[PDB]
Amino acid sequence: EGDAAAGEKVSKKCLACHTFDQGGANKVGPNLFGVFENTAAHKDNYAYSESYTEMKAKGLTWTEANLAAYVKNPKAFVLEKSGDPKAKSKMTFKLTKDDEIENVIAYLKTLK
């Protein structure tokens, strides 16, 4: 699903916090090149909330279905999938429109 050319437009919503180029800086959140199909807590130089280290332990990977649930409500996601009731997420920003979600994902699949 998903027009990755509409997804690149949508992604402009993420750019205050994230960069998308390979080797790019960790501005507020981690750089997201390579995120697709990679583990949770994928960037070794970023200090993630413990909750993302615990999805990583459980072997969660960023599939199209897990990105879709996550970007809709990051905080509910990391509670659910970590199984840690005191789970925190520094993200918080949500996408609420389904077309937007599917399009953003289609563009994250182009970045490795």
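Numbers follow the displayed sequence, beginning with 1.
* **102-110 versus 1-9 - greater average Cα B-factor per the deposited record** => Per the PDB record, 1-9.
* Asked: Taking only the CA atoms, which stretch has the higher mean B-factor in the record, 90-98 or 19-27?
  -> Stretch with the greater average CA B-factor: 90-98.
* Asked: If you compare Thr63, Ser82, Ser49, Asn73, which has the highest Cα B-factor in the entry?
  -> That would be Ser82.
* To do: Would you mind checking where the Cα B-factor of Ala57 ranks among the modelled residues of its chain, as the lowest, middle or highest third?
  => Top third by C-alpha B-factor.
* Can you work out whether the C-alpha temperature factor of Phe33 puts it in the lowest, middle or highest third of the chain? => Its C-alpha B-factor, which the entry lists for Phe33, ranks in the lowest third among residues of this chain.
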